[PDB]
Structure formats: C-alpha cells, structure tokens
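**Q** Opening with a subset of the complex:
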Amino acid sequence: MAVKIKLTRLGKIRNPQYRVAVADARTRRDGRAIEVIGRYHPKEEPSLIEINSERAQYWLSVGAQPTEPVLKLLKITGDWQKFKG
Amino acid sequence: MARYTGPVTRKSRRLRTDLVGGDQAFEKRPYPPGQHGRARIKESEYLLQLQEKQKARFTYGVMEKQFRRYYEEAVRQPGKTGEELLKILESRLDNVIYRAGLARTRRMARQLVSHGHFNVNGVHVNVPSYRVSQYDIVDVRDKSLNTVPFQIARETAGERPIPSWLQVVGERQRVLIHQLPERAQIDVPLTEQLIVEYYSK
C-alpha cells in the first residue's frame, strides 16, 4: 500500500481527458484522490499537458511513485529533471 | 422532435393571422379555420395564450420539447423572460438567414440550411437550430454555387430587411452579428408574456 500517481480517464467516451492525481495503488481508477495536480489531454495539442508543477516536488519528496506516462509528462515539463537536479 | 411538414393555412387561419405568407401575401380568405370556423367562439386564457405559443412555434418552426428547453434557459437568465426567449430564438441559424431574405420561405431557408447550403466560420453545418453568436459568420457553401437559391436569392434579398443587430455582406453573405439579437426592439408580431405565464400553468 504505497502512494502512486495515476491517470484517471474521465469524460465522454471518445473524447475523454486524464485527470492527474496522487493515489494509492490499492484504489480504483476513480477513487478519492489524495489531491489532483492538473490534467492531460491526448487530443487537440500533441500531448497536451496542463500541470501545476508545484506540489510534484513535495509528493515526490515524500516518495510518491509515478507510472510510465506520468514520468513522460514530468519530463516534458522538466519537473522530473528539475526536481532531480 | 421533427418538422411540422404540412399546409400553412390550417394554422395561420386557426391563429387568425398569416404567420409568414410566402409567394402570396396572404390567402385572402376570412377567419374560419375550418368547417365550422365561421361561428363565434368563446375565449379563455388557456385558448388565447395557447394560440400565442403556437404563433411562435410555427413562426419559427420549432417543436414544443425543444421550445421548453429554450424557455428554461430564458427563465434562468435575468431580464424579461419573453424578451430573452425572442433573443435566444434569434440566435437560430435559420432565423438570421430568413431575416436575411435568402429564401422564398422560412421552410425553404431551413431546408437549405438543413442540407448545408449555408455553412459557418469553418464547418459544413446542417442544423437549423444552431445558436449563432456575435462574430459567428455564415460561410456560403462552395458547392452551393451554380444553383438557384443564392444568386436569385441574393437578387431577391430585399424582401427581408436585414436585422439592425447584424450585417450581411451580400457579396459573400457573411452574416456578421455585431450586437446581441434584440428582436424585442424590432419586428415583434406577437406576444411573449402570455407565453411566459402559460408555461407556468
């Protein structure tokens, strides 16, 4: 039971978006997220990122473990690299 | 949830007024809707208000179930609900085209729109009921050229004075809305309050 960062599929069927959130691995796809930090869209803008990039450093400092796509988003923002720097 | 699709005389005479007309100014007939219509009739607020609601319904060609949606919106909005209803109805695509005079009848205007003869800013739309805002420019479909009802329609555009809240280019018929569609300030051929009260009872 460890805190991870998941991408929650929300909205309508064929044009959904992904809510960015910190959550325990033992939760469901749409559970009571600990705190939501931004959003993501797969359409319109190529890899549309809308991330606060403020608390990520905190939650990572606690030890939150993001998944693959989350790492990619963090790298596009530079938050992964800036945090690790 | 669909078009009336029938004779106009049955409702224009029932409501005792030529709602639109068409090629003929009006049927040049009396005021008995049907068989026994020549007899006098007793009035009610329900009859009267109902008739007024029907006048808007057929004037614009919208069915009840959608009309109540617009009603709901008008009630939600501040200002006189009737005036809000008319303005909302004026944002209708078919309405601004009809008021631009680009078709013999409103029915003709809606058919053309429903078949995409008049697109929008960038979309080949086919929705009579589309809400047209400020700077929501109509694009005349390129495929609609080499046909009748845009060139001949342009030539006959004078039959429908352009609403003061918008400007039609004519050369491109870029129906450009500048101000809000305050039809309440112009050419209102029927009541609104009676309708507003009617839907409350």
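**A** Cool, got the structure. Residues are numbered from 1 along each chain as shown, chains lettered A, B, ... in the order given.
**Q** Reduced to three states, what does the residue most central in space within chain A come out as?
**A** By CA atoms, centre = their mean, chain A has its centre lying nearest to residue A:20, at 3.5 Å. Put simply, residue A:20 is strand when judged by DSSP: H, G, I helix; E, B strand; the rest coil.
**Q** isn't it right next to residue A:37, touching?
**A** Yes. At 5.3 Å, residue A:20 counts as touching residue A:37 under the criterion of CB atoms under 8 Å. Backbone N, C-alpha and C define where each C-beta goes, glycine included.
**Q** So for those two, which residues contact both of them?
**A** residue A:51 (CB atoms under 8 Å, 6 or more residues apart in numbering or on different chains).
**Q** Just the element for the residue lying farthest from the centre of chain B, please.
**A** Farthest-out residue of chain B from its mean C-alpha position, per CA atoms, centre = their mean: residue B:39, at 31.1 Å. Per DSSP states H and E, residue B:39 falls between elements, in no helix or strand.
**Q** Not counting its neighbours along the chain, what's nearest it?
**A** Take residue B:39 and drop its neighbours on the chain: the residue closest to it by CB to CB, 6 or more residues apart in numbering or on different chains is residue B:32, 7.8 Å away.
**Q** Going by neighbour count, list what's buried in stretch B:145-154.
**A** B:149-150, B:153-154 (16 or more other CB atoms under 10 Å in any protein chain shown).
**Q** one more, chain C:
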Amino acid sequence: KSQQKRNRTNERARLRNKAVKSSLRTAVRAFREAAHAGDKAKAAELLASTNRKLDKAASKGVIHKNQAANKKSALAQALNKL
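**A** Placing chain C onto the earlier chains gives this:
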C-alpha cells in the same frame, strides 16, 4: 486450485510458531515458579534466556514486539517485587 502451496507453507509456519510459543510459555512458567520459590538469581538467568528467546522470536516475526515489552517489563517488575 493450484495454490495449495499457500496452505502447505502456512502449515509449516504455524507449526513452528506455536511450538516456539509453547516453549516460551514453558520458560515463563519456570520464571514465575522462581518468583514463587524466591530464587531470584535463577529467575535472573531464566530472564536472560527469555531475553535470548522472546526477542529472538520477535525478530523472527512472531510478534510485533509489544508482547515482549509487556512480558519482560512486567515480569522484571514482578522480580523487582520478588
């Protein structure tokens, strides 16, 4: 189903655990007997083995050490009484 290994290994674990626990309680019995007789020195030696047995098991995960705390602390006080 094909997960009977879960059962078998549970059997081994519980078997050794409760065997150990019985041995612990046996030692406790001896200590308490030393308290009744008054052989404090023997009780001290047995308490030392208890220290090398009780916490040894706790380090093997038998308990979460709270039982060790209650038992060693309380009985050390009991020995302080006698």
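**Q** about what we covered before: so what does the spatially closest residue to the residue nearest to the centre of chain A that is not a sequence neighbour have for phi and psi?
**A** Among residues not flanking residue A:20 along the chain, residue A:38 sits closest, at 4.6 Å (CB to CB, 6+ apart). Backbone torsions for residue A:38, taken as degrees, to the nearest 10, come to phi 80, psi -170.
**Q** Surely residue A:38 and residue A:48 touch.
**A** No. Using CB under 8 Å, residue A:38 is not in contact with residue A:48, being 10.8 Å away.
**Q** which stretches of chain B form strands?
**A** Per DSSP state E, chain B carries strands over the ranges B:118-119, B:139-140, B:166-167, B:176-177.
**Q** Please identify the most buried of those strands.
**A** strand B:118-119 (a mean of 23; mean count of other CB atoms under 10 Å in any protein chain shown).
**Q** ok, residues contacting that strand?
**A** B:93, B:97, B:102, B:112, B:125, B:138-141, B:144, B:173.
**Q** Give the other helices and strands that the longest helix belonging to chain B contacts.
**A** Ranked by residue count, the top helix of chain B under DSSP state H comes out as helix B:45-60. Packing partners of helix B:45-60 (3 or more CB pairs under 8 Å, 6 or more residues apart in numbering or on different chains; DSSP states H and E): helix B:64-76, helix B:81-90, helix B:193-198.
**Q** following sequence is RNA strand D, add it:
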RNA sequence: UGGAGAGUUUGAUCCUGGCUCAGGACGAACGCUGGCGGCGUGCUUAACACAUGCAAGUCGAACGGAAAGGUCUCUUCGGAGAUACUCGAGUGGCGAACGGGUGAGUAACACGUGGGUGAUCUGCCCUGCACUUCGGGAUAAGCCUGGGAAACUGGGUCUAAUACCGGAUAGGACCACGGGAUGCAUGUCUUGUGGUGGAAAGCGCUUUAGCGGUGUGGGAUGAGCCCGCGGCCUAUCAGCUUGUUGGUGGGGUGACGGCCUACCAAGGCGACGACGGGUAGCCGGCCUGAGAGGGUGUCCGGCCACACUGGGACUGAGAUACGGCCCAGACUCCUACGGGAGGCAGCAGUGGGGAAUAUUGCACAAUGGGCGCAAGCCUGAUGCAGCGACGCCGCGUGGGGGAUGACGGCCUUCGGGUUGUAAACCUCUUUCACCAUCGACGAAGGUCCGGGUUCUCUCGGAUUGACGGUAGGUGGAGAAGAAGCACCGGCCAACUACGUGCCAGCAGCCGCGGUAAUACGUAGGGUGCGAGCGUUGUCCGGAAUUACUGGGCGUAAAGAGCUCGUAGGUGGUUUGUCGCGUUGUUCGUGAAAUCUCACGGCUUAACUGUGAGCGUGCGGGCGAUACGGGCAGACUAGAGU
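**A** If we add RNA strand D to the chains shown above, we get the following:
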C-alpha cells in the same frame, strides 16, 4: 428575476370541510405505431438453485533442476550430451485480504459530520543513519517404491538455496534502576547504570551496468480505537440490569479498556423514552417543490456488512476471504459403493420466479493493478462492440409555384359550403438512407537508428489502434425512400352529422344513453403532441386537507366534569458579574463528480470540460455584550402574609 386553479353538497346563497382533476418526475410494465444518429441506463420479483468457458498469476537477475520447443554438440540416423537461450514440474519470494458483485441482516457498533487517538498500528515508497559477518543439519523436487477405481497417499533413496536452525560480530531500540530538558493531555525528548537480542545474502548480469539484504530516525499513506452531535415507527412494549455497575490485582490485546480474569463493593440505565417489537444498508446525492420541507437513496461515487447456512482459527503488514483450509449442516454429483469432490449474490450463460429487464461478443491499444532489472506475462476490472424508441438530446420523412375551387367525402336552407391550393401538375434540392470510394484523431509505448558510455534527453524509421472499410471525407441517383398516436359536453385546446335507443356501452369528478345522445359505435371535421403517442402503477406538488415559515377548537369535528399539584415549560424592576446561547471576525473543516453562474469542446444539443459560486453546516482562535441564560446581590408594584 420566485408560488395561479377549477369542478364537486342545496330550490338558491355564504361559510366549514372531504373526493377528484389540470403539471412534473420514474432503474418503469402494457397498448398502437415505428426512420436515424449521439448520449446514458438496463432482476425494482426467489441473499432461489445452477451446465459451459473464462475471472491471479508471476519471478531463471533466489536455488535445485532439465519434463518440452528450439539451439549447439553428439550420433542411434532417430538415440544421446542442460552446454545453453529457454523451461514443464518443483522449493523459495510478492500478491492472492486490492480489484469485481450484492444489499439479506443490521436501529446505530455501523453511516454522516466533526473532534481525540500522550502506553494505536502502519510490510511494499521516499529519506538520514548503522549493519551488510562466522556456521550446522535436514528436506521437497528428482530416483526406487507402496496404496486406491480414482481421489490421494505411505516408505525408502537423493539435493541446493535470499528456505530452516544456532553463534553477535549494531545496541538506535526492548526491559529495569537512576538522572537531565520539558508536560496535566492517562506525559514527551535526552544522558548514565545493569541486563539484553535480531538478522543480511548473496545474486545473476550489461561478468559488475545492476539487483540487492538487516536494525533504526522521521516522513508519507492506509487502517484501527474512542467520542460530541445529527439522521424511521410503535407506550395496545415501562421496569431493564449480576460480567450488569465500580474498584483492586493479574493476564491478554497492535492498544486504553470487566476485552478477559481471581477477589472485593452494590450499583448502573430509564418517560430529556430503558428493555422489547416492527420496518430498513447509510451518505454525497436523485425527483418534487417557490422555498421551507416532502419523497427517495436506484446508476455513478464514498462508506459499512454478506459470500450455500452456521461456527472457529491459522498464515499474514493487513482476512471474513466469491475462486483458502478445518468442523457442523443442507443440497447436487462421482464411485470398484470402500470412499470422495463441489459452491456463478464475478463476466457471459441456463433454469425458476414473475408484468418485465441484454451478447455463451472482440481485445488488452491506452488506462488500471501485481511479479520481475527490464523486456515480457496475466488482467470477463477499466477500455470497445451487439439487443430494446428502455430513456434524454438532435435531424429528416421535401420546398417554390400550385382555387381545378380536381376526384372524392361530409354537411346542406340541399341555390351552396367545407375539405383546399392542400392534392394533380410545372419547377429546384438530397440533410440523411442506398451505391461507390479515401481512411483518421484517439498513440504513447516496444524494437531499431543517431546523438547517446551506463544515465539523461533526443533524431529517424519500424511496428503497434481491438472496436474499424470506424467515423469523417469525395462523388453518384431522384422527391425518389421514410407518420403515426391520443383526445374532442364541461372542468380542459379540441365538433357536425350518421347509427343507436336505461339497452348496448362510456367515464378521472360531475356523469351520459328511457327512438332527435355535440358524453356510447362509425364517418367526417378539428385540436394536441409527434416516432413517438396513449393507459395503468408509484412519489411530490397542486393540499395553507398536519399548516415553523403557514391553519383551527362560541354552534361548523375538536376545551379534559372541576380543582390541586410533581417532572417539564415559563417566569417582574434592577446593580455588577460569567460570556454558556446568539452575533461579528479569522483559520481549518465542509472531497470529487453532480447543482447555479460564466467560459470553452464534441458539426448543435444532451453531454463532457474549465473556472467561479454553492457547499445553508461544525471545531479552533479572535472582540463586544445588547437580549436571553447562570452565578453574587438589591428594591418594590407582582404574588403572599
């Protein structure tokens, strides 16, 4: 920027006060008809039983090991050599307690909300520190072997290990004494004294890139414990209570705790509803309503319980745990009859039940979860599809010309009217169906390339989109190809006649029909809505007919036969006080979604999305003290003597 009423007692009126209707809503059944798309929902009845197939497997970078494919070698040329990529099977490690489903039971333990949780835990994550050593023995697997029909099992051989076991080779920490800094919140930090332990490992590999491993500090998560307040009916249940109430001591527990338990005391609850019965999963929220409130709590989301029935426990960081064991019991099944096996209230599916509720669908692309260094594996959850107009939203079912006052119908004062310019006919367009055709976003990842030692961040290419020829797009043909349903005395838009003749028959209330029915059957006419329309059923309102907002009790039903007086309620003038109540401020709280508003995106809408608002409400902290209230006290008219 937010509430309408009518009909309905009498010869007539006015009041009082019942019935009904007009609206909306539904997880919806039925009827008639029936085009499409988009978006959503789909046992509400027997927590009744169940075939089929599938739902949790993974790790060779832990080890033994070689039952396969394939490799390499051998070589019988159809058998060998684990050499090894790989790997059946197996030991060991993770998880298997999440996830999925249902709501029987539960009457407040739960739920909600908010507080406490100083002797409440908290493995897998991050992080600082220290450790990261020395050894033994056995054994599964394998081989031989016994049993039984099978299930399934004994015995003997044989073997390693991040398995087991014993040495500390940490002394943070555990214990006790004493001490120091610092608590009232039943005490936290820190030093000394005595005792005092624990693991860990080694690994394969990129042949050292990496994987690791142990005790701790504190974080973080999650969970547990306790508690205030709130959220059904019943008094035709008022006496409930000896493990009960309280203490001592002891054990036990992750833990305070009659949790348990020896002894002692005799209490405790209760009309400011005990015990008991009935009914029920709770909430965010859904519906109604002007709102206050009512009803409801189905999908979705959170929380709680249950898993053929009942009971108990292990493993474990953490179980009531659908796919785990054991017992008991029921019900099915097998058998060599000896003896055994099973649990769809998980997806789909069957049967039953009933008015009724779906495909034995495709796949794991993204997302999601687990193991593993990773690649990779699994995933009937999520993601997509199929059925019903099952329900919302949205578009068509042609326009222009078009008095022939066509045909025809109906009525007719029978001259005429009406149907009706509607049709016929001329003309132009084609959304969508049909046909053809191109074929996406949703997509990042994986391989590979280049830059990059490992990393990083990146070039290019490859592949990977199940749903998919997807949709969308382009072109073609021609009004071709797609309108019905209910009602029509009034209430209530909505009628003329025929037939009929208290009969038949209609009806929500009044009610109609006793040979001239505007109320029955038919035609025609008209109205309303529209691939939906009507009926039934249910909830609200309308109903101010349970009335706080917002009603009554002289006769309309209603003032106890009267008095007393307990609890409870309520309580004059007033000083000063407390600031409990209330008010104002501030912090936290009040999740998200949903709702309002404003923007924005799906061709619009519905819908989704953004943001604000809303979140009416609690605690904490901050000022005043009016009024209320409490305390202290006074006067006097109240009342009394």
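**Q** The buried residues of stretch B:145-154 again please, RNA strand D included this time.
**A** B:149-150, B:153-154.
**Q** next one: stretch C:1-20
**A** Buried residues in stretch C:1-20 (16+ other CB under 10 Å): residue C:20.
**Q** Distance from it to the middle of the chain?
**A** In terms of CA atoms, centre = their mean, to the nearest Å, the centre of stretch C:1-20 is found 21 Å from the chain centre.
**Q** so who does residue A:40 touch?
**A** A:7, A:17-20, A:47-51, A:73.
**Q** who does it bridge with?
**A** Beta bridges link residue A:40 to residue A:18, residue A:49, judged by DSSP bridges.
**Q** what number of residues lie near residue B:15?
**A** A count of nearby residues for residue B:15, using other CB atoms under 10 Å in any protein chain shown, gives 19.
**Q** Quick check: it vs residue A:19, distance?
**A** 53 Å (CB to CB, to the nearest Å).
**Q** is it true that the residue nearest to the centre of chain A touches residue A:34?
**A** No. Applying CB under 8 Å as the test, residue A:20 and residue A:34 come out as separate, 11.8 Å apart.
**Q** list the contacts for the residue nearest the centre of chain C?
**A** For chain C, the residue lying nearest the average C-alpha position, counting by CA atoms, centre = their mean, turns out to be residue C:24 (3.4 Å). Residues near residue C:24 by CB under 8 Å, 6+ apart: C:50, C:53-54, C:57.
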